[PDB]
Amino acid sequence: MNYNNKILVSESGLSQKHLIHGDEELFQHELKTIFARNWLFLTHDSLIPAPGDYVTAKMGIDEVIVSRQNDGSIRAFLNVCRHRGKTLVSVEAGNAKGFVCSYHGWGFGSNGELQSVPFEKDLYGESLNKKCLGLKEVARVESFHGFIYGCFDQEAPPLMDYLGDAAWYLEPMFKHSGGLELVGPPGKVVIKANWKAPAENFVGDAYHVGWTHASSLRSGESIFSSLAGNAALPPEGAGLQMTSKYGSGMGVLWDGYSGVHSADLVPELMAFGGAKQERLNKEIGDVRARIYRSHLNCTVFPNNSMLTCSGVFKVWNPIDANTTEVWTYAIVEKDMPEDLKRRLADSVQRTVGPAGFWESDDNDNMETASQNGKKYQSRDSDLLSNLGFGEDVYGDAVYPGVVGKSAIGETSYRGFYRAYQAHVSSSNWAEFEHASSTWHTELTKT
C-alpha cells in the first residue's frame, strides 16, 4: 500500500477505512510513523522516586528500561544488550545501580553506560571502545506533572506543546489539585483488538456508555447510572468534547467526580472533590475549578488513555493489528487520605482492571470491530465518525481546541484520525507539520 497516497481517513476525519484495524502491513508502518515518532507513556515519578529505581515499559513493540538517575533526572534505554542482543532486564520494577547481562556478563550502569566487561583486559585488551557501547537511549524523556513520557524521535515537539489544547483541560486535576500519583503495579491483560479501538473509545466515545455498559451502570449504581440502557440522554449542557492538533482529545462530563465508582464510594468522593473545588475557585477560577471535578475521558495520542476522577490510567500496548496488551493503573490525588487512595485504587481495578466488570462490557465491541477489519468485504468499508460535524468550533473564549459543545459526539474521533492520517502519510515531523497547518479549519468545515 502507498501511504503517501492512500486515503485511509477521509477529509475532516469523517470516516476511516475499516482495514486500519486489521492490516498487518499498516501496523508495521505505524511502528515507524506513529510509535517511533510520537510521545508514549512510560511511568510516574511515584513508581521510581529514588535514585536507582527503575521500571520496564513498552514503547510500541520495543521494551525500555526507565531509570531514576543520581541527579534526579530520568533516562530510558532499550532493554537489549549491546553485545549479542539478549534482553537485559527480566523484571518489571526494582532498584539497582546497573544491569548485568545473563549471557556474557556485560555490565551497564543505570545511566546506560557500558561499565564492565568480564575479563576485559585479558580478552579485549584496550581495543573495546566502551564509550560507544552504551545502551541505545530513548532520545526524549519529559514529564507532565510527574507523568513521564518518552519519544524515540529527537525532532518531536516538547511534550507540553504536543498536548496542545488538551493540556488546559488536564491541568486542574494534574497540576492545580496538588498533583496525582500513579498506583501500581498495573493490571496486564491481552485483548484481541487493535490498539486504536480502545484508543478511539476513550478519546471520544460517550455515545456507547448507556448501551454498552447498561448492565454495569445498573448493577453498580454509580453517578452516571441514569444512562443505563439508553433510558436517559444526558441533559442539555452536560458536557463537551475537544480535540487538538497532535491528536489528543477528551470528553468532559460536568461534575461527575465519582465516575465509574459504585455507590459505596460516591458520597466520599463527591465530598472530597467539592471541597477542593471550593478552594480552587479562588485560585484558578470557577470554570477551571469545575473542570477539575468533572469526568474527563481522554486519549493522549497515540495509545495512552485515562478517566480523570474515576482515576483510570491505561496504556494500549500494540502487539499486532489484532492484539493489544492492556496496562491498567489507578491515579489518585496526592492529598487524599491514604485509606481512600487504597479503596479508590481497588475500585479502579474492580471496574476496569483485569476482572473489571465495566471493561468486560467493551471486549466484544473492540475485538470484533478490530477483527472485522481483516474480513475481505469490510477492508474497504468506511467506519463513520460524523456525529456533530459542522457544529464544532475553534478559538472559543472559554474552552480551547476544536470543541463540540455537547456531551455526546465524535469530535475527538475526527481530531484523533486527522492526526493519525497526517502521520501515516508523512516521513518526519516537518512533513506532519506541513500536513497539519490547517488542522482546525479542516475539523470545523460546514
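Just count from 1 along the sequence shown to find any residue number.
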>> Which is higher on mean Cα B factor in this entry, 363-371 or 205-213?
In response: 205-213
>> When the Cα temperature factors in the entry are averaged, is it 146-154 or 127-135 that ends up higher?
In response: 127-135
> From 34, 407, 42, 65, pick the one with the largest CA B-factor in the entry?
Replying inline: 407
> For the listed residues 196, 350, 343, 86, which one has the largest C-alpha B-factor as given in the deposited model?
Replying inline: 343
> Considering only modelled residues of the same chain, in which third does the CA B-factor of residue 356 rank: lowest, middle or highest?
Replying inline: middle
>> Looking at the temperature factor on the CA atom of residue 311, which third of the chain's modelled residues does it land in?
In response: middle
> Hey, what third does residue 246 fall into on Cα B-factor, ranked over its chain?
Replying inline: lowest
> Going by the entry, which third of its chain does the Cα temperature factor of residue 236 land in?
Replying inline: highest
> Which third of the chain does residue 394 land in by C-alpha B-factor: lowest, middle or highest?
Replying inline: middle
